[PDB]
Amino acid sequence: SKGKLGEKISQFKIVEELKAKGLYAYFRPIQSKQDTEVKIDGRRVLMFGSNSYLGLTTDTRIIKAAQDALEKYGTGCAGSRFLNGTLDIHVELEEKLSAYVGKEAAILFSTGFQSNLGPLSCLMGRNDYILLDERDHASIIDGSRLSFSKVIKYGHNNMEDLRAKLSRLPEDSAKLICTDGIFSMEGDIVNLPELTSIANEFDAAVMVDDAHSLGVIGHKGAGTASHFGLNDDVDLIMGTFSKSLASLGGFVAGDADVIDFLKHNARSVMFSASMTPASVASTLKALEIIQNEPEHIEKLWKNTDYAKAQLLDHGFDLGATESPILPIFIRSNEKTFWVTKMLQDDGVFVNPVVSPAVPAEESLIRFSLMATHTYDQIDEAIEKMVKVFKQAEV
């Protein structure tokens, strides 16, 4: 029945208002492969709103590995990994990820989102604590809500606040600190050296979400612990396959005893169907390309350094990025929606960040680089951004 349900959704008017004003630019229906240019409404649009940092979703080798796994294994496994949904190729990918991030063992999940739900829901229980950076990804907040532990947020990269909040907790309790590695909003890196120093002093477990770090920082792209030399001080390395690795799924890697506990206790792996064969094979062949062909990471950072220097030279107000995510502050929700749509209508795709996710005065667009971008495409996007920011009077 719908009376009360209709009242619950009655106040949600922003989408209706964006559509009516001709500003709506969510769920834009792309008609072609994710690439540096995409087709939308039959026209070609420069893609600066992707997470495909290495441009690998179009690599013919990765496509053919996926098509070959469909031929051999079919369209799906039709069960959880726990029961009838494990393939030899899942186990292979776990072994190859464990080697890549320097851990004993790993467990796959069908999404990156579920990869955070698993360890955060089942390791800390009644009378324990989870400590979260306040800017952690939604999946980490949600995984923490699924625990029976007390969840405590600390100020963004605020090591004194983390240390003070830990200090206060009962000694006779377990604690787990979970942080993004690269934070996607502003593209900043966690202070892993200080965080791990604090964790060691309070015997707290450390879990890093390397969604935006794998294929981006660390030796041969191995992530945030690799970037800082702190493999031994991070208990759990989580990553996703939906970004540099051009696929869908994720994993958690760590000590074999912890991973054995997770794979038999995490509801998001016991009660959800396994990764498709095609995604296991695409992730495996992306992982072998990222390591064997250093040119992809190198070109990503050439593009990042070039675009960042060009945006600063034009006087754009950038956030504190240390990644291929270039956050461009606008500081008005209305202007952020207008700039986003004006750019779309001039063939440039960027992602808006608005209220209620952030305060109006912190609203921005996110301009992300791919290894496969050209300097010409970067130049075209930035000269269109200059024109739209003028038209908008930012």
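Residue numbers run from 1 along the displayed sequence.
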**Comparing 302 to 310 with 104 to 112, the one whose average Cα B-factor in the PDB entry is higher** = 302 to 310
**Fill in**
The stretch whose C-alpha atoms carry the larger average B-factor in the entry, 81 to 89 or 160 to 168, is 160 to 168
**Peak C-alpha temperature factor (PDB record), options 257, 142, 180, 186** = 186
**Prompt:** Can you tell me which of 52, 340, 368, 332 has the highest Cα temperature factor in the record?
**Reply:** 332
**Item:** Third of chain Cα B-factors occupied by residue 263
**Value:** middle
**Request:** Tell me, lowest, middle or highest third: where does the Cα B factor of residue 71 rank within its chain?
**Result:** highest
**Lowest, middle or highest third - CA B-factor, residue 317** = highest
**Item:** Chain-wide C-alpha B factor ranking for residue 155, given as lowest, middle or highest third
**Value:** middle
**Request:** Quick one: classify residue 354 as lowest, middle or highest third of the chain based on its Cα B-factor.
**Result:** highest
